[PDB]
Amino acid sequence: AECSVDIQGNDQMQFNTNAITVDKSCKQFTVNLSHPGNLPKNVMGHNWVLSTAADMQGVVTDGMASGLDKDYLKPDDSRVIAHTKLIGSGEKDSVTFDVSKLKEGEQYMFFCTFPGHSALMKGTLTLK
Ligand SMILES: [Cu+2]
């Protein structure tokens, strides 16, 4: 299977994907995040964060309160399954994670934790 995916987060506050499917043959999965546009990280930063559907709101709330200095992610948040760093336009960051942290029959959500972004910048991830 392919065990990676290229995702874009643009100045329109949109991920070019609303749904990700991870193949079971994969032991590891990689997300290559880029950011088309021209806006800076302090006002249009984007990160790719993964958690269970149950944990999303909390990760987003606690991340918002963490500040730009911490990439808007609560330090050592156990609910975060995997995450890229917070990037601005023109930047790139990739993250690889263990697929064994996922199971079938559970809804996972990927989103950006920059203040307010998750309202539009979010999507589903499923192991299949
Ligand atoms: Cu964002």
# chains A, B, ... in the order shown; residues from 1 in each chain; ligands from 1
>>> select_by_dssp(residues="chain A", states="helix (DSSP H, G or I)", output="JSON, numbers by chain")
{"A": [41, 42, 43, 44, 56, 57, 58, 59, 60, 61, 62, 63, 64, 68, 69, 70, 99, 100, 101, 117, 118, 119]}
>>> write_last_selection(atoms="C-alpha atoms", output="tab-separated table (two decimals), in the first residue's frame")
chain	number	residue	atom	x	y	z
A	41	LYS	CA	2.96	31.33	10.93
A	42	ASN	CA	1.93	33.81	13.65
A	43	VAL	CA	-1.40	34.56	11.93
A	44	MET	CA	-1.85	31.65	9.51
A	56	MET	CA	-10.17	16.36	19.46
A	57	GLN	CA	-11.97	19.22	21.24
A	58	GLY	CA	-9.78	18.94	24.33
A	59	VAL	CA	-6.55	18.87	22.31
A	60	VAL	CA	-7.76	21.93	20.39
A	61	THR	CA	-8.83	23.82	23.52
A	62	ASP	CA	-5.65	23.04	25.48
A	63	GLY	CA	-3.51	23.73	22.43
A	64	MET	CA	-5.09	27.15	21.86
A	68	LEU	CA	2.66	30.15	19.50
A	69	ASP	CA	5.86	29.32	21.39
A	70	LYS	CA	4.63	25.74	21.87
A	99	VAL	CA	-0.08	2.51	12.84
A	100	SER	CA	-0.52	0.12	15.79
A	101	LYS	CA	-1.81	3.18	17.67
A	117	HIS	CA	-8.60	26.92	12.58
A	118	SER	CA	-10.10	23.53	13.53
A	119	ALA	CA	-13.55	24.94	12.69
>>> select_by_dssp(residues="chain A", states="strand (DSSP E or B)", output="PyMOL selection string")
chain A and resi 4-9+15+19-22+28-34+46+49-52+82-83+87+92-98+108-111+122-127
>>> residues_near_ligand(ligand="ligand 1", cutoff="12 Å", atoms="only C-alpha atoms and all ligand atoms", output="short mmCIF file (atom, residue, chain, number, x, y, z; two decimals) with N, CA, C and O atoms, in the first residue's frame")
data_model
loop_
_atom_site.label_atom_id
_atom_site.label_comp_id
_atom_site.auth_asym_id
_atom_site.auth_seq_id
_atom_site.Cartn_x
_atom_site.Cartn_y
_atom_site.Cartn_z
N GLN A 8 -1.82 19.65 2.10
CA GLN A 8 -1.58 21.08 1.98
C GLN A 8 -2.55 21.88 2.85
O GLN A 8 -3.73 21.56 2.92
N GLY A 9 -2.02 22.89 3.53
CA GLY A 9 -2.83 23.76 4.36
C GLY A 9 -2.62 25.14 3.78
O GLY A 9 -1.52 25.67 3.87
N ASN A 10 -3.66 25.73 3.19
CA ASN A 10 -3.52 27.04 2.56
C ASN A 10 -4.05 28.26 3.32
O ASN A 10 -4.65 28.13 4.40
N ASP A 11 -3.85 29.43 2.73
CA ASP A 11 -4.29 30.71 3.29
C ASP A 11 -5.80 30.88 3.32
O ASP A 11 -6.30 31.91 3.78
N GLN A 12 -6.52 29.89 2.81
CA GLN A 12 -7.98 29.92 2.79
C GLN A 12 -8.51 29.12 3.97
O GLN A 12 -9.71 28.89 4.09
N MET A 13 -7.59 28.70 4.83
CA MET A 13 -7.89 27.90 6.02
C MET A 13 -8.57 26.60 5.60
O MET A 13 -9.67 26.27 6.07
N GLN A 14 -7.91 25.87 4.72
CA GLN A 14 -8.42 24.61 4.20
C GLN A 14 -7.33 23.59 3.95
O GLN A 14 -6.25 23.93 3.46
N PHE A 15 -7.61 22.35 4.31
CA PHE A 15 -6.70 21.24 4.06
C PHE A 15 -7.20 20.71 2.72
O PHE A 15 -8.41 20.67 2.49
N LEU A 33 3.36 17.56 5.26
CA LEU A 33 2.60 18.80 5.26
C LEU A 33 3.32 19.99 4.64
O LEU A 33 4.49 20.25 4.94
N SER A 34 2.61 20.71 3.77
CA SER A 34 3.15 21.91 3.14
C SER A 34 2.11 23.01 3.35
O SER A 34 1.00 22.74 3.81
N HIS A 35 2.45 24.24 2.99
CA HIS A 35 1.54 25.36 3.21
C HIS A 35 1.54 26.37 2.07
O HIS A 35 2.31 27.32 2.08
N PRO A 36 0.70 26.15 1.04
CA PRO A 36 0.70 27.15 -0.04
C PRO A 36 0.17 28.49 0.49
O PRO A 36 -0.51 28.52 1.52
N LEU A 39 1.02 33.97 3.78
CA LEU A 39 0.82 34.39 5.16
C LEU A 39 1.74 33.68 6.15
O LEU A 39 2.00 32.48 6.03
N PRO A 40 2.26 34.43 7.14
CA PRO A 40 3.17 33.97 8.20
C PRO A 40 2.51 33.05 9.22
O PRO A 40 1.29 33.06 9.41
N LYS A 41 3.36 32.29 9.91
CA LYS A 41 2.96 31.33 10.93
C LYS A 41 2.25 31.94 12.15
O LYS A 41 1.40 31.29 12.75
N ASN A 42 2.56 33.19 12.48
CA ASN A 42 1.93 33.81 13.65
C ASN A 42 0.46 34.19 13.47
O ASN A 42 -0.24 34.45 14.45
N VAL A 43 -0.01 34.22 12.23
CA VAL A 43 -1.40 34.56 11.93
C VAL A 43 -2.08 33.53 11.03
O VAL A 43 -3.31 33.49 10.95
N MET A 44 -1.29 32.67 10.39
CA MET A 44 -1.85 31.65 9.51
C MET A 44 -1.11 30.33 9.60
O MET A 44 -1.05 29.56 8.63
N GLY A 45 -0.55 30.06 10.78
CA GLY A 45 0.18 28.82 10.98
C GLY A 45 -0.73 27.61 10.92
O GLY A 45 -1.90 27.68 11.30
N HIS A 46 -0.19 26.51 10.42
CA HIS A 46 -0.93 25.27 10.31
C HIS A 46 -0.09 24.10 10.77
O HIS A 46 1.13 24.06 10.55
N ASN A 47 -0.72 23.18 11.48
CA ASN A 47 -0.06 21.96 11.91
C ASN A 47 -1.05 20.84 11.64
O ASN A 47 -2.22 21.10 11.37
N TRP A 48 -0.55 19.61 11.56
CA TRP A 48 -1.40 18.46 11.32
C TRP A 48 -1.34 17.67 12.61
O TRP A 48 -0.28 17.17 12.98
N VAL A 49 -2.47 17.59 13.31
CA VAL A 49 -2.55 16.89 14.58
C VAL A 49 -3.57 15.75 14.53
O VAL A 49 -4.69 15.94 14.05
N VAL A 60 -7.63 20.61 21.01
CA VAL A 60 -7.76 21.93 20.39
C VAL A 60 -7.84 23.03 21.44
O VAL A 60 -7.17 24.05 21.32
N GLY A 63 -4.55 23.27 23.33
CA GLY A 63 -3.51 23.73 22.43
C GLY A 63 -3.61 25.23 22.21
O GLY A 63 -2.60 25.93 22.18
N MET A 64 -4.84 25.72 22.06
CA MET A 64 -5.09 27.15 21.86
C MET A 64 -4.45 27.94 22.99
O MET A 64 -3.83 28.99 22.77
N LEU A 68 1.87 30.32 20.71
CA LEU A 68 2.66 30.15 19.50
C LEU A 68 4.00 29.49 19.80
O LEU A 68 4.50 28.68 19.01
N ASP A 71 3.82 25.81 19.57
CA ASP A 71 3.13 25.34 18.37
C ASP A 71 1.66 25.03 18.62
O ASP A 71 1.06 24.19 17.95
N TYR A 72 1.09 25.73 19.60
CA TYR A 72 -0.30 25.56 19.98
C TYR A 72 -0.69 24.13 20.30
O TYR A 72 -1.75 23.64 19.91
N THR A 84 2.73 17.21 13.42
CA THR A 84 3.82 17.85 12.68
C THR A 84 4.02 19.12 13.50
O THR A 84 3.28 19.38 14.45
N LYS A 85 5.02 19.93 13.15
CA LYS A 85 5.21 21.19 13.87
C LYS A 85 4.27 22.20 13.20
O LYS A 85 3.64 21.88 12.20
N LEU A 86 4.14 23.39 13.79
CA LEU A 86 3.29 24.43 13.23
C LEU A 86 4.11 25.15 12.16
O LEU A 86 5.19 25.67 12.44
N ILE A 87 3.60 25.17 10.93
CA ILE A 87 4.32 25.81 9.83
C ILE A 87 3.59 27.00 9.21
O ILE A 87 2.37 27.13 9.32
N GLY A 88 4.36 27.87 8.59
CA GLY A 88 3.81 29.03 7.91
C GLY A 88 3.91 28.77 6.42
O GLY A 88 4.37 27.70 6.02
N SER A 89 3.50 29.73 5.61
CA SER A 89 3.57 29.56 4.16
C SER A 89 5.00 29.28 3.69
O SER A 89 5.96 29.81 4.26
N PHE A 110 -8.06 14.52 12.19
CA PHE A 110 -6.82 15.25 12.00
C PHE A 110 -7.28 16.70 11.90
O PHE A 110 -8.37 16.98 11.38
N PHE A 111 -6.48 17.60 12.45
CA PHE A 111 -6.85 19.01 12.46
C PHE A 111 -5.66 19.90 12.75
O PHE A 111 -4.57 19.42 13.04
N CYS A 112 -5.90 21.20 12.67
CA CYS A 112 -4.90 22.21 12.97
C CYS A 112 -5.33 22.80 14.30
O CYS A 112 -6.53 23.00 14.54
N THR A 113 -4.36 23.07 15.17
CA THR A 113 -4.66 23.63 16.49
C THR A 113 -4.44 25.14 16.62
O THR A 113 -4.58 25.69 17.72
N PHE A 114 -4.06 25.79 15.53
CA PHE A 114 -3.86 27.24 15.55
C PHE A 114 -5.22 27.83 15.90
O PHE A 114 -6.25 27.37 15.39
N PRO A 115 -5.26 28.84 16.78
CA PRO A 115 -6.50 29.50 17.21
C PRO A 115 -7.62 29.63 16.18
O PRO A 115 -7.50 30.36 15.19
N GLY A 116 -8.68 28.87 16.44
CA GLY A 116 -9.87 28.87 15.60
C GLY A 116 -9.88 28.02 14.34
O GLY A 116 -10.96 27.68 13.84
N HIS A 117 -8.71 27.69 13.82
CA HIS A 117 -8.60 26.92 12.58
C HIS A 117 -9.36 25.60 12.46
O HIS A 117 -9.90 25.31 11.39
N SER A 118 -9.42 24.83 13.54
CA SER A 118 -10.10 23.53 13.53
C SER A 118 -11.56 23.57 13.06
O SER A 118 -12.12 22.55 12.66
N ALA A 119 -12.17 24.76 13.12
CA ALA A 119 -13.55 24.94 12.69
C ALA A 119 -13.72 24.56 11.22
O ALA A 119 -14.79 24.11 10.80
N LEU A 120 -12.65 24.72 10.45
CA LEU A 120 -12.67 24.40 9.03
C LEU A 120 -11.56 23.41 8.70
O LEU A 120 -11.73 22.51 7.88
N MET A 121 -10.43 23.56 9.39
CA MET A 121 -9.28 22.70 9.16
C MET A 121 -9.30 21.45 10.01
O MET A 121 -8.68 21.38 11.08
N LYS A 122 -10.03 20.46 9.52
CA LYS A 122 -10.16 19.18 10.19
C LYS A 122 -10.65 18.17 9.16
O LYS A 122 -11.15 18.54 8.09
#
>>> residues_around(residues="residue A:32", least_positions_apart="4", cutoff="9 Å", atoms="only C-alpha atoms", output="list in words")
residues 4, 5, 6, 7, 8, 84, 92, 93, 94, 95 and 96 of chain A
>>> residues_around(residues="residue A:25", least_positions_apart="4", cutoff="10 Å", atoms="only C-alpha atoms", output="PyMOL selection string")
chain A and resi 1-3+99+127-128
>>> write_last_selection(atoms="N, CA and C atoms", output="short mmCIF file (atom, residue, chain, number, x, y, z; two decimals), in the first residue's frame")
data_model
loop_
_atom_site.label_atom_id
_atom_site.label_comp_id
_atom_site.auth_asym_id
_atom_site.auth_seq_id
_atom_site.Cartn_x
_atom_site.Cartn_y
_atom_site.Cartn_z
N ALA A 1 0.89 -1.19 0.00
CA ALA A 1 0.00 0.00 0.00
C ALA A 1 0.90 1.21 0.00
N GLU A 2 0.31 2.39 -0.05
CA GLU A 2 1.15 3.55 0.05
C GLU A 2 0.98 3.87 1.51
N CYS A 3 2.07 4.19 2.17
CA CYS A 3 2.01 4.48 3.59
C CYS A 3 2.36 5.92 3.88
N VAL A 99 1.32 2.81 13.14
CA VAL A 99 -0.08 2.51 12.84
C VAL A 99 -0.76 1.64 13.90
N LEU A 127 -8.40 3.59 9.64
CA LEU A 127 -7.53 2.46 9.34
C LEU A 127 -8.38 1.43 8.60
N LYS A 128 -7.98 1.07 7.38
CA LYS A 128 -8.76 0.10 6.60
C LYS A 128 -7.95 -0.89 5.76
#
>>> residues_around(residues="residue A:107", least_positions_apart="6", cutoff="12 Å", atoms="only C-alpha atoms", output="list in words")
residues 19, 20, 21, 50, 51, 52, 53, 54, 55, 56, 123, 124, 125, 126, 127 and 128 of chain A
>>> atom_distance(atom1="atom CA of residue A:106", atom2="atom CA of residue A:80")
15.1 Å
>>> closest_residue(among="A:105, A:37, A:67, A:16", to="residue A:91", atoms="only C-alpha atoms")
A:37
